[PDB]
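Below you'll find the structure, written out as structure tokens, and then a few comments.
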Amino acid sequence: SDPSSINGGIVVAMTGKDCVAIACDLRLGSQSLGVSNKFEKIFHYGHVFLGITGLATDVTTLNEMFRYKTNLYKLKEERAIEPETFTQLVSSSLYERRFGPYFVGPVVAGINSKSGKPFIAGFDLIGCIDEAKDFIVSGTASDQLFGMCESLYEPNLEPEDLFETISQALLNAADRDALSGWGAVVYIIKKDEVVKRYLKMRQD
Amino acid sequence: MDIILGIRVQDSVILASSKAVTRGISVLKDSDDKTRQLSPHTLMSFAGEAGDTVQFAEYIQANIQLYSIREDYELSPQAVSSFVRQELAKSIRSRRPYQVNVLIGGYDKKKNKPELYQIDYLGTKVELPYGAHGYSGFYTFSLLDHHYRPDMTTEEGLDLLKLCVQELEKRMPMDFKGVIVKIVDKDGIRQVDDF
Amino acid sequence: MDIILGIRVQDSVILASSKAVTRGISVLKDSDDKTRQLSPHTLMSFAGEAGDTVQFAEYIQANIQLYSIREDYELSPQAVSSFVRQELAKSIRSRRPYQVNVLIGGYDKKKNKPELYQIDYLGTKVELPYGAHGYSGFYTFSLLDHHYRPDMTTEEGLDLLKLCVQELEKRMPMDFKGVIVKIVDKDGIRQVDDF
Amino acid sequence: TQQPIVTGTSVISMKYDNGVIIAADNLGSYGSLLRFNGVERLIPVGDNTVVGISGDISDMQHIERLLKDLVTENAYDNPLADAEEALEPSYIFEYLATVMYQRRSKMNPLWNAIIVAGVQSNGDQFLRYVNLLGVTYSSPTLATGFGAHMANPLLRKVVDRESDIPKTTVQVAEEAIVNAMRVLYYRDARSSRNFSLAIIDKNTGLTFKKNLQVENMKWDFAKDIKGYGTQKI
Amino acid sequence: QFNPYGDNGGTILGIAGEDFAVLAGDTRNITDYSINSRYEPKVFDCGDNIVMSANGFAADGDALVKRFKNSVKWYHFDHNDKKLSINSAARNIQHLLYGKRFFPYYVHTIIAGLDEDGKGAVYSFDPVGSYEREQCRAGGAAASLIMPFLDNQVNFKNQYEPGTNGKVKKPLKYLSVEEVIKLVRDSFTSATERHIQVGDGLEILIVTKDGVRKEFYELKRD
Amino acid sequence: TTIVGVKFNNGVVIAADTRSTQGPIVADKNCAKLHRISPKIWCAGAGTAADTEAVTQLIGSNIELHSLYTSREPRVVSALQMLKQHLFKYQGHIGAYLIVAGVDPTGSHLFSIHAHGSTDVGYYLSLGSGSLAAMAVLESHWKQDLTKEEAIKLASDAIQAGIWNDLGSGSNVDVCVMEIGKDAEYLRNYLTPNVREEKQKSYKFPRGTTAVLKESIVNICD
Amino acid sequence: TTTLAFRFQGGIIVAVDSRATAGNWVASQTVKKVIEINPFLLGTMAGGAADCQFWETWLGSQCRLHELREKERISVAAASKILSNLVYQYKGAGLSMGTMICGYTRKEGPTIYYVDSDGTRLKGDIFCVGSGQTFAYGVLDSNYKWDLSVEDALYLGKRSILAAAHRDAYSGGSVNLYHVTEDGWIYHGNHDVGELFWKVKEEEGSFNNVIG
Amino acid sequence: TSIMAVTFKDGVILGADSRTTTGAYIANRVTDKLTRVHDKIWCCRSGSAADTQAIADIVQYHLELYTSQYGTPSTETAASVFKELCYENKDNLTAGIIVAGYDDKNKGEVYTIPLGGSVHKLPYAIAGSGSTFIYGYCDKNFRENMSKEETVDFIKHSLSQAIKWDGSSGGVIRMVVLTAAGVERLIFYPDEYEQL
Amino acid sequence: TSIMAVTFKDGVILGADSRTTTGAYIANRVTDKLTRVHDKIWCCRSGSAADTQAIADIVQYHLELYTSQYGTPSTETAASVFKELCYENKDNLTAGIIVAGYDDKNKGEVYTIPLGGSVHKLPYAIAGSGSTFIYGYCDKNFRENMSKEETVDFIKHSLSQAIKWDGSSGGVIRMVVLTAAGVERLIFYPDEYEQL
Ligand SMILES: COc1ccc(C[C@H](NC(=O)[C@H](C)NC(=O)CN2CCOCC2)C(=O)N[C@@H](CC2CCCCC2)C(=O)[C@H](C)CO)cc1
Ligand SMILES: COc1ccc(C[C@H](NC(=O)[C@H](C)NC(=O)CN2CCOCC2)C(=O)N[C@@H](CC2CCCCC2)C(=O)[C@H](C)CO)cc1
Ligand SMILES: [Mg+2]
Ligand SMILES: [Mg+2]
Ligand SMILES: [Mg+2]
Ligand SMILES: [Mg+2]
Ligand SMILES: [Mg+2]
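See the structure below:
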């Protein structure tokens, strides 16, 4: 009955020193029944990364829609969309469905290719932008992630340290949530290399 | 409706679907085939709300058959499953949604791989080694978690299925009147007749 | 619970009662005996609300066994069925009623007649040639209206019963896991083991 | 299970260096009808305690009778009734808190919020709150109803933590209380202009002021306000 | 209709060391969007080296603590001044809670002290008297923020030995009272950042064989 | 939220806290509640977060187009009329509660708008969960003829009352000053009275602490 | 929760997980769900945590009083019936319990009774109970034979709970194992799923749904 | 809210309190409930503030367009435009409006438009929550053809009492005088009216 | 129902209309709402007719037993007995009672007991559905220590207006005068009071 907690899942993003990280769990369930162990919640359009938690059909639908819109953007503008701009596109798109919304918690992460700035933002289901220096959290274990991030985090971590910090925030938050976990994926993003790592985690 | 299962082995996808059709306290039919061939190498099983199930299945069938004729070509299992997902994702926000869950089993002739997609009425799609809709999944997923291997033969797949149907006939409260089993592989779609 | 039937033929009463015990989507047991012997020539089958059924059955059993010892004598089937009716008629106006329906099959040794009483949870009693509680009756009454004869043998009664169980296994939506059959006659109560 | 009929609005209070102040207006509302105008909602108990009550007035009157029967009962076979065995503010509070929680636990509450203000026998200030749920708490300032929302923020600017209490005089505290009462009269639709105020000091004892009035009100700026947006005349 | 329950916010936390235990709680007390008090203690010395907190609906919490304190007093009267061990306290508290199974105390209860071998003990309860002994527990409003941090930093969950290819776990080990107080203070400032019902003050009760000590720290007042 | 507006001698000032909530959780510790409608018309918004932001952008866009069309500086009453008529149309379903202020060729102005589309005029206003704490201060200290400095003090004091006393408000004070004949000055994080204390411990992990199953380089190029 | 118990050639296996939930909040990963009533009697716990703990430790007290009064250990039948008659009294009040009373007496042999808060009491050879019962059933039923060796029976029990811990969101933590014989119950350890899942995946080659 | 309009020798006076509440909270203590829809046609508003503002704004627009085309509208015409809006949209509006204006032919007129959108021309009218408390008083003390000073006193005494008993009324008493002379705004503060 | 009691120089007068309704139907147009619970202690009843009769009957019984044992009860005592019944049974009663009596020591007294069972001693009191319409009027016109003829006029004018505006009030105006002289019943018919 609550569309935001039928399927389960989480996304978290963090800034570091000239880098950003975005991670997500792999679970897709139908209430108590775990169904898929490979359901990834992070996508990318050029160098801009989007994580989406919530109702899985809307996660899929929004990915296909933002791929659609960013493809046309690139054809008309003749350049990849930047994270600041993409964040605005996400907001307008969500708010356009104000009274019949997508039941999602999206998260944008990327480095602006002109300025080199790391950039993260989160949104509510209706498009309200939450821009943050440090971290953004989303999904069924968001209380847990807020607790982990708010204590584990410190500014200016090097890529290999940020990896450890974000991974521990995600893993320990997920283990306190029945509807999150079943695998995880972490993206470490620097100005021009992106490393994607699958974490080992408890499978219950 | 009620029981539909799918297993993807080495070189085929197998769909098993119960034969019972029930209204109130009467089993009206015990040989119902809860399936439509969408194209020569793609099969779709379905369960859910009475009337909705067949209407949706046949509507998809008509669209895929129309595409086939227009392009003189067969859409890949992945392409068909995305088309189906989108129809259900539209439907869930309509005045009256289709209350239908589906499994799509197809053999992709370009990749030479069997493929199994599980899609619910919300348009929630997932590709899986094995799948189930309804209460079935509460027994068969853990059973298959244990007995399933990625490299099994069509024949090992059928035995794995017999295990599933045995458990369901033991623990499920309803009499679903056995299953019709269909195999999808490089040579198309065929029905096993004594199961 | 769910299926309990009774047939009274020439010289015996036959009770058939399903073996399934179900909670949610799990058949917890498939050999449940939904019956208690009240006295050497009186048997009671029961169906209804979980817990209530057995608690009521055993409570009646304890009372009849107590009466037997006190008077060194066996109450007639009619007397027992009236006692049972009264307990249910009290119960229906209690703070929490017993939600239990029963069939009482007994052989009255003074009359040399078999007797079958059908009593619902309201304390509604009726003596019948054949009876059923639950959805069963919607198939078996008309079937027995057709095939039943007053002068049948115990063996003809068992065949008549096989007909009932066949229809129920064909048309009933649930898997009730077969029946345990018991015969009540001038020599007491015995169980048929291969049915 | 109950609904309040005739009600009293806020009760506000604070500690200062030598004592406690507590105030409450003199109105008994009947929904939106300002029905009764001379209602005393501060009830003194001995010479060391004032009990201030908001919420249902029929229940307030019941609580008065409980308190006045408590005094009577405490005097019985007690030769030190006006000395070492006089009722402390803390005794009176615990009794009321006990009653409130029992009544909520029987699903038949006394529909009130109560503040007990006084000075203990050792000179310590007493200020504690209890309500219809039997919830209790203490703080350098305490208020009920709208008072919690509008008075507490003002009174906290004067006493914001325990260490501000020795630094606060009875003149400062009373001024802050009297100002808070004016604000509540501006902003609470079930308040009245008239109120009572009581000071319980470890040196001067209990002073109880009746028939106070909200004074020094700014209304003049109203003459310049025209329409609701575009209207000029 | 009359609602017999409210929610007074706050959060609590208990950690056990080898020869001590802490029980911490913020000192804020709230209803709805209002602060009732910035300093209202909800962690108590109950005698016999047992500390107790019952966090949630304060009226229920106070009633429970009072009943348990009184239970300790009568245990002495009835059993020749014998010391009530922490395991015995916990079982007694289960019966206090379960006696109101059909009209619950709306609290999450934690007690701390030392077991009968002198080792630190933390016991925690659900509202109707389910209980378990652990190294570690947070309760109340911010429990969902603090608990997973405690799993990671007190019991080394998800932490492996570097270079072992995630095959050898970080080995369990007791923490000093100094390390524990650091985790408590960080837990509460983190919780104060993200939960509106947590703030103002932190009061920690430490239990050793020499008795009960208190420490107090300021928390953000917004 | 807490938000305010205060008129002075030669203009108007608005201010707001910077907390955003989802249930009892702080979603954003430093959001921006002050919105530019035009260069000298600014809006403070409480209520449904995205609604305040969307309605303020839509009307700001239309005001810009109107300003271009008419070759005039936009007026506060135009923003007010467009906002009220838009909100009225939606029967309160767009949950925006707004304080609108600015200077235009007509003078200096201060209004409030409720979600159902009703408007007020005043010299001092407050809206949001913290509006009663703020209005307590405003009613206590406001006078006719305030200087710019006095108004900024009054306004940020009013917001502070909300920050400390309302659980729905916290973090920082933002201000905007609109004076006749000058550029509007937006003072982002004018006050920052809620800076996190230093943490007790660094939780930076030994590299290799986290067990990994696979790695790969992601292709973000062409 | 997931719990199970089954009879076989070698006696009785009893296995349980160790998760406690408050909705979707994981309340605990280390909770005991078997109560050792006496050296020949075990009780399993599923449903309301307090209901299970409270009434099953109460059951133990009643069993202890039986042996003081009768100078003989209580039958599995009689012990299970004390609990079912108790919960029947509370029927409608909202108790939530799914329990198995597992033990050995000489007059009965190894015996399992299912008892729940509806008042249902059933003797039987195999039961799984709790939110994960179906998952355990699927594995347990499809490998069960009367003749399992003690070693295989123990594994199946462990493997069944692991299956449920993996697929059921409201089961997990660790497996607790018991074997009951004519000489009483024997504990066979705590097995954290954190390690057990990966170990079973490697050695058995199952769980191919999971990213390896 | 307490509002009234009273015809007299030279024209008509409108009066109102200045309180608007959200529940028991006073959202605005200096509200202006007397609103101009034409030079010498005003109304007092009660009910939903959003509804009555929306209505008054639409009426002001209609009468400004009427004026452009046909000259000064009659007070009856203004009341008819209010009614049309209130009656046709009765399901979605909570508006109780008193219309008052001064023609030179017609002198002072008062029309009251209660909740259902019916219209009633009257010598005087009272409305708003506070009005219930002064039906007795106003009926006893009103006379036709009073003077300006008598009428101001009647209104001041009436609204004084409405304010005294009604928690939803309060603040200042505002009045608008409509005569051949023009338009005059009066205000009266608590310290004056409270002790009448 | 419209009811009131007014203290004055020589004692106290009670007054009431005579209408009782079931919905919009007038079940009794000549009701007597002024009821004696002692020689010179009377009450006026409003709310549920069954409840207020049941209460008054119990009070009359209590005061007759008080009298037997302890002599004439004070008006305060009578009001306390009403309160005890109204407060303790507040969930099950819909009673709004005004108590009025004459001691020789205490002169005239009036206590009002509204719905929740609180007690309020007052110079005068009004209650019943019709009372809302005369708060303004009564507050303006009441003075302490009026004469018998002044007080009768006050009540007659007050209840006249309550009756005029309230559909649930009507019929005749009954009054009971309580002084050292004894007890006097007055009645006033529509044709007199309607055109005041
Ligand atoms: C009707 O439901 C509501 C209404 C208002 C709030 C408070 C508001 N928070 C939000 O809007 C958050 C980001 N989003 C949600 O709570 C998601 N909602 C789901 C259902 O519909 C509404 C959207 C919020 O934080 N408001 C702030 C001011 C915002 C801050 C962000 C910048 C824009 C203005 C303020 O009013 C104080 C904190 C309380 O409202 C929550 C739920
Ligand atoms: C009647 O309502 C119910 C029923 C069942 C549950 C699940 C149960 N959890 C709890 O009991 C939790 C800790 N506490 C509560 O839910 C709090 N009370 C519930 C009863 O009403 C008052 C509030 C739980 O975790 N059950 C476990 C088995 C327990 C674990 C603890 C030891 C005893 C056995 C299990 O059934 C799986 C996890 C499914 O819950 C919750 C509420
Ligand atoms: Mg998890
Ligand atoms: Mg699990
Ligand atoms: Mg906080
Ligand atoms: Mg409306
Ligand atoms: Mg007023």
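Protein chains in written order, with the working numbering: chain A, 24 to 227; chain B, 99 to 293; chain C, 99 to 293; chain D, -2 to 230; chain E, 233 to 454; chain F, 48 to 269; chain G, 19 to 230; chain H, 91 to 286; chain I, 91 to 286. By construction, the Cβ of each residue, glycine as well, lies at the ideal position given by its N, Cα and C atoms.
Compare the beta carbon distance of residue i and residue j with 8 Å and say whether it is the shorter of the two.
i: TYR196/C; j: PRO227/C; result: no
i: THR76/A; j: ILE33/A; result: yes
i: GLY105/I; j: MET94/I; result: yes
i: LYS99/I; j: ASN182/I; result: no
i: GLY52/D; j: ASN109/D; result: yes
i: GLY209/F; j: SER203/F; result: no
i: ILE111/D; j: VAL48/D; result: yes
i: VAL444/E; j: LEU451/E; result: no
i: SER259/I; j: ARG109/I; result: yes
i: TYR176/A; j: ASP157/A; result: yes
Considering only residues of the same chain and omitting the five flanking positions on each side of residue i, which have a CB-CB separation below 7 Å?
i: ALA146/H; result: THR125, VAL127, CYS133, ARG135
i: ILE245/I; result: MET94, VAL96, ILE103, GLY105, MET265
Thinking C-alpha only, which one of the options is nearest residue i?
i: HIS247/I; options: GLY261/H, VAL171/H, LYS230/H; result: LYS230/H
i: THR141/D; options: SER188/D, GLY120/D, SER87/D; result: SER188/D
i: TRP189/F; options: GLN207/F, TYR170/F, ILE206/F; result: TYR170/F
i: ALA271/H; options: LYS238/H, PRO213/H, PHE244/H; result: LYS238/H
i: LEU107/D; options: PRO137/D, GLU61/D, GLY115/D, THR46/D; result: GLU61/D
i: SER108/F; options: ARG66/F, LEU130/F, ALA91/F; result: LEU130/F
i: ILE31/G; options: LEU195/G, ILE92/G, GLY230/G; result: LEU195/G
i: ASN240/E; options: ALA253/E, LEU255/E, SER266/E; result: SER266/E
Excluding five sequence neighbours on each side, which residues of the same chain lie with their C-beta closer than 6 Å to the C-beta of residue i?
i: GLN216/B; result: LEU201, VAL224, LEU226, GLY229
With ligand 1 as the reference, list in chain order each residue whose Cβ lies under 7 Å from any of its heavy atoms. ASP147/A, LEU148/A, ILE149/A, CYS151/A, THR48/F, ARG66/F, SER67/F, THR68/F, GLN69/F, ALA74/F, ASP75/F, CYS78/F, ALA79/F, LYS80/F, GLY92/F, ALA93/F, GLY94/F, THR95/F, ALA96/F, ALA97/F, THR99/F, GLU100/F, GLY142/F, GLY175/F, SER176/F, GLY215/F, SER216/F
For the region 164 to 242 of chain C, list the beta strand (DSSP E) runs that are entirely contained and at least 3 residues long, ordered along the chain. 198 to 206, 211 to 217, 223 to 225, 228 to 231
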